[PDB]
Amino acid sequence: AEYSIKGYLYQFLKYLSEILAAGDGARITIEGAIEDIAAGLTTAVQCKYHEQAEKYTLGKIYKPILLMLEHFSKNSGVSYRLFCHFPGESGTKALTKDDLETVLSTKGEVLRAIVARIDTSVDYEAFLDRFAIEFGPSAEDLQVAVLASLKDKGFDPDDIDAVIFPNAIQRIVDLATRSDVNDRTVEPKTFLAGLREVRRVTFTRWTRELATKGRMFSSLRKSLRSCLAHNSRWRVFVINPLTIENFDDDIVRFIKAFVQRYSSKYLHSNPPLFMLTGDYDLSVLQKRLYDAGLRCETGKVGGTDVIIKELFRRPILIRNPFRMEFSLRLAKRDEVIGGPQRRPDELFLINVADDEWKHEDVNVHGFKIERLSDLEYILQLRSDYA
Amino acid sequence: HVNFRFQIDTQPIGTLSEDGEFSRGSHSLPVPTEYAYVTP
């Protein structure tokens, strides 16, 4: 349907504000939102938002209640909620049965149309007991207050906005939508002690709507500048394609842009290595990349197994005119058994937790991109971001 | 002549990045086999 997300992110941020302000001993788990099996006999929640007004007006607020009555009609037998802002008025009030009847009253074509669509049968008393209309402040205020809270928590201020904050809300939402058998509630103390040790930028639909996103891109871009300025280096990408969007048709563009900026000259004398995990078939990708103009080093000899030697060798290069035998390197991870003689200089990971090659000298960079077009701004290949 | 072998001498001023920053000074000495380009 309409799926007004901003109300949902506000609701989750309310969870989070209470969690941060919470004292020792508190134990809660997320009330699952409908927009996720419906785990639990009856444990559900839902919310929407509207905050534009110079003073309270009972006139406009109707539509949410009508569409939510319809939703109740489609399924029931499972709590509900609502948030909205008008100047001055605040707090939570229980609507009266006479007020609910008035809500039954409609003076608009769309409202009366939804009413006609709404099932005749209703339990207005169960609605009053089960539905509510709360009023609160705008969101940005909550966000800035959360910023001060995180400051009070005593974390490195320079890094609060890039890693801690965007990853917090994500952890909180991980519980909203999931299917597994494990402890549900989340204690605060272990929560903070754990999040304090995780460094992995996180982008997604949720964080994208997060108010303060601009600084994140800029920080992560100014960080990788020196890492992507030198000419001769060794770089190692690793990817999981199960959870990314529209992989099969957008991986190629990324590969081409990369290989066409960083491995098209003479002094570029250590082409990269791309690795994919899962069950993907390299044949089709190799074929298309040939059709584009590039050549690859599968690493194989006779199509049985990979040799760790030939994959890592140096290529032949001639100046006038320019030719280069192999420009990129491909191999699946499970098949590659061994290690490199020279330990890489940069090891990027996309949607993965741990790898054997990690080390102290080797620099790691852990991301959680949901789409691939965002990283393109992080690695200086397009000026704008969608 | 003897092929042709043109030549174009040049003097340095400063540096320009992608984002747009201009920095004055011969901060970098360019390595050979590096391409040249014309200026809009």
# chains A, B, ... in the order shown; residues from 1 in each chain; ligands from 1
$ interface_residues --of "chain A" --to "chain B" --cutoff "9 Å" --atoms "only C-alpha atoms" --output "PyMOL selection string"
chain A and resi 265-267+319+380+383
$ residues_around --residues "residue 159 (chain A)" --least-positions-apart "6" --cutoff "10 Å" --atoms "only C-alpha atoms" --output "ChimeraX atom specification"
/A:165,199,216,219
$ write_last_selection --atoms "C-alpha atoms" --output "CSV table (one decimal), in the first residue's frame"
chain,number,residue,atom,x,y,z
A,165,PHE,CA,24.5,5.7,14.9
A,199,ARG,CA,33.3,-1.0,12.6
A,216,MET,CA,28.4,9.7,6.2
A,219,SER,CA,33.4,11.0,5.6
$ select_by_dssp --residues "region 51-283 of chain A" --states "strand (DSSP E or B)" --output "ChimeraX atom specification"
/A:91-93,133-135,186,235-239,273-276
$ select_by_dssp --residues "region 69-214 of chain A" --states "helix (DSSP H, G or I)" --output "ChimeraX atom specification"
/A:69-74,97-104,109-117,124-130,139-152,157-174,188-195,205-209,214
$ residues_around --residues "region 9-14 of chain B" --least-positions-apart "5" --cutoff "6 Å" --atoms "only C-alpha atoms" --output "CSV table (one decimal) with N, CA, C and O atoms, in the first residue's frame"
chain,number,residue,atom,x,y,z
B,23,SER,N,45.3,23.5,-5.4
B,23,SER,CA,46.4,23.7,-4.5
B,23,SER,C,47.6,24.2,-5.2
B,23,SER,O,48.1,23.6,-6.2
B,24,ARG,N,48.2,25.3,-4.8
B,24,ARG,CA,49.3,25.9,-5.4
B,24,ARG,C,50.6,25.2,-5.0
B,24,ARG,O,50.7,24.7,-3.9
B,25,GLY,N,51.6,25.2,-5.9
B,25,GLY,CA,52.9,24.6,-5.6
B,25,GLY,C,53.1,23.4,-6.5
B,25,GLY,O,52.2,22.6,-6.7
B,26,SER,N,54.4,23.2,-6.9
B,26,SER,CA,54.8,22.0,-7.5
B,26,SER,C,55.0,20.9,-6.5
B,26,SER,O,56.1,20.4,-6.2
$ residues_around --residues "residue 370 (chain A)" --least-positions-apart "2" --cutoff "12 Å" --atoms "only C-alpha atoms" --output "list in words"
residues 201, 202, 203, 204, 205, 206, 207, 208, 239, 240, 241, 242, 243, 244, 245, 246, 247, 350, 351, 367, 368, 372, 373, 374 and 375 of chain A
